[PDB]
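Participant: After the structure tokens below, expect a handful of questions from me.
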Amino acid sequence: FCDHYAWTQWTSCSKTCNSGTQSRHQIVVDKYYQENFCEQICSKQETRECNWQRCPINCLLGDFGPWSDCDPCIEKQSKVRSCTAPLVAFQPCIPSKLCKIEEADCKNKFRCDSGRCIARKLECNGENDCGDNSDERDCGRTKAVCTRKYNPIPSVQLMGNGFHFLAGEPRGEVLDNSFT
Amino acid sequence: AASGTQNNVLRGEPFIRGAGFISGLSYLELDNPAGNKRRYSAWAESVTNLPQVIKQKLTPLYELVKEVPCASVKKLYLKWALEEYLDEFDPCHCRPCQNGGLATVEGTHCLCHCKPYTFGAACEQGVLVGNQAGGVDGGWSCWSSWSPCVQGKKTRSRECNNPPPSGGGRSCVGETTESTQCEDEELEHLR
Amino acid sequence: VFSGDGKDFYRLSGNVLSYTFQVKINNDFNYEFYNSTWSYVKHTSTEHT
Amino acid sequence: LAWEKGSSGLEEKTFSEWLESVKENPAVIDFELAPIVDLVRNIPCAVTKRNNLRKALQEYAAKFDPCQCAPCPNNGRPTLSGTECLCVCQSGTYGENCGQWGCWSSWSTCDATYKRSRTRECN
Amino acid sequence: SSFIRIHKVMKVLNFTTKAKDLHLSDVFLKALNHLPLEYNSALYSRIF
Amino acid sequence: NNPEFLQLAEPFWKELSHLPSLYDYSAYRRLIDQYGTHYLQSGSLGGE
Ligand SMILES: *[C@@H]1O[C@H](CO)[C@@H](O)[C@H](O)[C@H]1NC(C)=O
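Chains as they are written, first to last, in UniProt numbering: chain L, 23 to 47, 49 to 105, 117 to 214; chain A, 362 to 378, 381 to 554; chain U, 168 to 216; chain F, 455 to 552, 566 to 590; chain V, 311 to 358; chain E, 265 to 312.
Pasting the structure below:
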């Protein structure tokens with residue numbers, strides 16, 4: 023019979039975020056109290072923590088830096104500063131020089147329509163090596179490289195993703211795991 | 362003379378978000396608090412067969428304005444419009460809600476979203492089941508008049524307001540003031 | 168896309184950067200049970216003759 | 455198995471099914487690393503943009519570092535994802551927020580010789 | 311009172327990536343071509 | 265990934281094009297109401 027003296031309401035938390043402590047206890052020393060030995064078997068206080076989370080410092084960015092000169096193939100200017119506001123915001127630029135040094139990447143290999151550069155040996159082999167069926171577009175005859183259609187390795191794409199060491203979530207896809 | 366009073370009220374509100384199987388777990392809560400193992404496995408298979416794209420990271424929507432007529436001007440005006448949208452109906456305007464309730468703005472009306480096992484007009488009744496620490500947390504006030512662009516800085520100066528920390532709860536988390544660079548009409552509309 | 172914890176095959180796109188087949192699920196439970204019982208009995212008897 | 459873990463008491467029946475499901479679709483647990491700048495090799499101008507990417511990675515490591523994040527309550531490893539710092543909880547810890568290398572120093576002045584140094588502290 | 315905590319880890323099948331002549335993906339090689347010639351840390355951090 | 269020529273939707277692109285050149289909060293308010301304030305970059309799809 024301990025709840026006969028109802029516990030008071032929980033007091034205010036001791037601090038805001040760092041560390042919190044609150045306690046509660049209306050016990051009257053009447054005949055019922057002294058004749059039932061409630062002093063020895065019943066607790067007189069209950070303590071527990073409150074707001075056990077840390078105190079995260081507010082994300083504080085810095086002022087913008089000087090405008091960076093632009094010489095890309097796309098007229099965009101960079102502006103970097105060190117949250118909900120964008121980290122780096124790019125705007126249209128006034129380019130002193132437009133795109134240059136544009137040429138064909140492939141020299142002794144085949145140039146896929148999507149930009150990929152694969153060896154000419156991989157053309158007309160009954161397999162989509164470019165990704166957009168560019169090599170197998172109009173092949174009059176193809177050489178069977180594999181006798182039977184086999185299934186791919188399951189979850190093979192997970193071992194091709196990039197890894198961002200800083201973020202703890204590795205990254206999106208960087209390598210292709212369907213090419214053979 | 363003998364008198365006896367019996368009163369027991371038990372209510373459950375399951376939330377199973381499996382399109383068709385979502386209602387099964389909600390209906391099974393009648394007299395069965397523990398979830399069925401087979402029903403849980405069926406709901407897991409359903410959730411595997413249907414994604415739950417919620418709980419993902421966000422990015423500023425106005426950044427997607429890349430190749431449109433008057434692209435950069437429209438992007439800057441959408442920046443300004445999103446700022447005005449964010450600060451026109453921010454929850455700061457609404458008065459604080461009782462029992463740590465969270466206020467929202469739907470058009471021109473405030474709504475005190477009540478914690479579970481609570482109800483009332485302003486989340487005042489039904490404090491029987493709190494299961495929390497308690498107190499009164501802090502809430503950020505509405506941003507004051509913006510800076511007149513003396514040197515480009517900002518003059519938001521978000522300070523405390525009518526709901527101060529009283530019940531021992533933590534104060535409003537975040538920066539007190541803000542600082543940025545005035546656009547100067549966004550470099551006089553991009554050079 | 169290869170078959171990972173799903174259907175036979177799936178087709179991605181250029182705008183989509185990645186598809187993942189890592190199934191990770193979490194859970195949490197907080198069950199409580201209590202009982203408070205009270206019993207007070209009093210009796211008296213006085214006889215005078 | 456995750457659902458039955460509420461009253462598992464060291465269950466073993468569903469362990470075989472869970473192992474079969476893991477063999478069907480596993481998750482990356484252990485792994486070795488290597489610089490991503492070595493993957494760009496078959497582009498038109500490889501060496502130029504490769505050196506540019508190395509410089510960009512140097513400047514990004516100078517900008518963002520794991521030391522910038524606040525430490526964790528119990529030996530946690532803080533990681534920087536965007537503008538927030540999350541603590542990686544080890545085995546035996548839980549919660550939303552659960566020695567380590569400190570921040571590097573500024574690059575010293577370029578001496579008369581090639582030798583230029585940078586100092587990190589394990590504080 | 312009683313408290314029991316369990317953990318486990320399985321070394322399921324793996325694979326070793328080849329050292330050289332790795333075949334890049336479509337989206338990566340496409341994004342890798344839009345990079346400017348002159349150094350620009352801002353646009354280079356995007357692909358990072 | 266965010267930085268690319270992401271193929272926008274027909275209604276989204278149409279409403280973005282119908283926005284007036286001069287600053288007008290009226291159309292941008294309805295656009296923000298219909299389309300929201302942010303778009304998803306990355307993250308899992310775990311249920312609740
Ligand atoms: C008393 O407590 C026990 C504890 O398990 C419970 O099973 C029983 O239903 C309770 N009886 C009541 C509240 O009348």
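Note that the Cβ used here is the ideal one computed from N, Cα and C, for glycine as well.
Mind checking the region 31-47 of chain L against chain A and listing, in chain order, the residues whose C-beta falls within less than 9 Å of any C-beta there?
Facilitator: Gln31, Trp32, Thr33, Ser34, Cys35, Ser36, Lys37, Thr38, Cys39, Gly42, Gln44
Participant: Let's see if you can read the secondary structure: which residues bound the beta strand (DSSP E) around A/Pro423?
Facilitator: 421-423
Participant: Helix, strand or coil for L/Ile152, going by three-state DSSP, please let me know.
Facilitator: It is a strand residue.
Participant: CB of A/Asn369 to nearest heavy atom of ligand 1: below 6 Å?
Facilitator: No, the beta carbon of A/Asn369 sits no closer than 6 Å to any heavy atom of ligand 1.
Participant: Can you pull the DSSP bridge partners for L/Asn195?
Facilitator: L/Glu207
Participant: Does E/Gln298 come within less than 7 Å of chain U when only Cβ atoms are used?
Facilitator: no
Participant: Please list, in chain order, all residues with a C-beta atom less than 6 Å from at least one heavy atom of ligand 1.
Facilitator: Of all residues, those with a beta-carbon under 6 Å from at least one heavy atom of ligand 1 are U/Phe200, U/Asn202, reported in chain order.
Participant: With a threshold of 7 Å between beta carbons, is F/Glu474 in contact with chain A?
Facilitator: no
Participant: Leaving out the 5 sequence neighbours to the left and right, which residues in its chain are closer than 7 Å to A/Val410 when beta-carbon positions are compared?
Facilitator: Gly381
Participant: Would you say E/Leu272 faces chain U, with C-beta separation under 7 Å as the test?
Facilitator: Judged by the 7 Å Cβ criterion, E/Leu272 is not in contact with chain U.
Participant: Please list, in chain order, the residues of the region 316-339 of chain V that have any C-beta partner in chain L closer than 8 Å.
Facilitator: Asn324, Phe325, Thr327, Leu332, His333, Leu334, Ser335, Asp336, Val337, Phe338, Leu339
Participant: Output yes or no for whether 7 Å exceeds the beta carbon distance between U/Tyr177 and U/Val168.
Facilitator: For U/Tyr177 and U/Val168, yes; Cβs fall inside 7 Å.
Participant: Give me the residue from L/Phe144, L/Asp166, L/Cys158, L/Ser36 with the minimum Cα distance to A/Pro528.
Facilitator: L/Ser36
Participant: State the Cα-Cα distance for the pair U/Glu214 and U/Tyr207, rounded to the nearest angstrom.
Facilitator: 24 Å
Participant: Run through DSSP, which three-state label would L/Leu132 get?
Facilitator: coil
Participant: L/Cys173 versus chain A: which residues are under 9 Å apart at the beta carbon?
Facilitator: Going along chain A, no residue has its Cβ under 9 Å from L/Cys173, so there is no contact; the nearest lies around 36 Å.
Participant: Report all residues from its chain with a CB closer than 6 Å to the CB of L/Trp29; omit the five preceding and five following residues, and keep chain order.
Facilitator: Only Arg46 meet the Cβ criterion.
Participant: List, from N- to C-terminal side, the alpha helix (DSSP H) runs of 4 residues or more that fit wholly inside the region 461-522 of chain F.
Facilitator: 467-478, 500-517
Participant: Could you check whether A/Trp509 and A/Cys455 sit closer than 7 Å to each other, using their CB atoms as the reference points?
Facilitator: Result no, Cβ atoms of A/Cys455 and A/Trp509 do not sit closer than 7 Å.
Participant: Cβ of F/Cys589 within 7 Å of Cβ of F/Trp568?
Facilitator: yes
Participant: Taking buried to mean at least 16 other C-beta atoms within 10 Å of its own C-beta, is F/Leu464 buried or exposed?
Facilitator: exposed
Participant: Using the Cβ count rule (16 or more neighbours within 10 Å means buried), how would you classify F/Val494?
Facilitator: buried
Participant: Going along chain U in order, which residues have a C-beta closer than 9 Å to the C-beta of E/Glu312?
Facilitator: By Cβ distance, chain U contributes nothing, its closest Cβ being about 11 Å from E/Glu312, past 9 Å.
Participant: Show which residues of chain E have a CB atom less than 8 Å away from the CB atom of A/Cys433.
Facilitator: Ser285
Participant: Are the C-beta of V/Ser312 and some C-beta of chain F separated by less than 7 Å?
Facilitator: no
Participant: Rounded C-beta distance between L/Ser91 and L/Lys99? I'm assuming under 8 Å.
Facilitator: Not a contact, Cβ separation roughly 10 Å.
Participant: Does the beta-carbon of F/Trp457 have 16 or more other beta-carbons within 10 angstroms, so that it is buried, or is it exposed?
Facilitator: buried
Participant: In terms of residues, what are the limits of the alpha helix (DSSP H) holding A/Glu551?
Facilitator: 547-553
Participant: Are any of the Cβ atoms in chain L nearer than 7 Å to that of F/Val491?
Facilitator: no
Participant: For the region 184-200 of chain U, which residues have a CB atom closer than 9 Å to at least one CB atom of chain F, in sequence order?
Facilitator: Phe188, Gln189, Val190, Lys191, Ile192, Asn193, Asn194, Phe196, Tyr198
Participant: Against chain L, with Cβ distances strictly below 7 Å, would U/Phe176 count as a contact?
Facilitator: no
Participant: Is it right to say F/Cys577 is buried, meaning 16 or more other beta carbons lie within 10 angstroms of its own, or is it exposed?
Facilitator: exposed
Participant: Less than 8 Å between the CB atoms is what I'm expecting for L/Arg104 and L/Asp139, so what's the real figure, rounded?
Facilitator: That belief does not hold up - the Cβ atoms of L/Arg104 and L/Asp139 are roughly 35 Å apart, past 8 Å.
Participant: Under 7 Å, CB to CB, which of the residues in the region 134-152 of chain L have a partner in chain U?
Facilitator: none
Participant: Tell me where the alpha helix (DSSP H) around V/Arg356 begins and ends.
Facilitator: 351-357
Participant: Could you name the residues of chain A that F/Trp457 contacts, counting a contact when the two beta carbons are closer than 8 Å?
Facilitator: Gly398, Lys400, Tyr403, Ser404, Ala407
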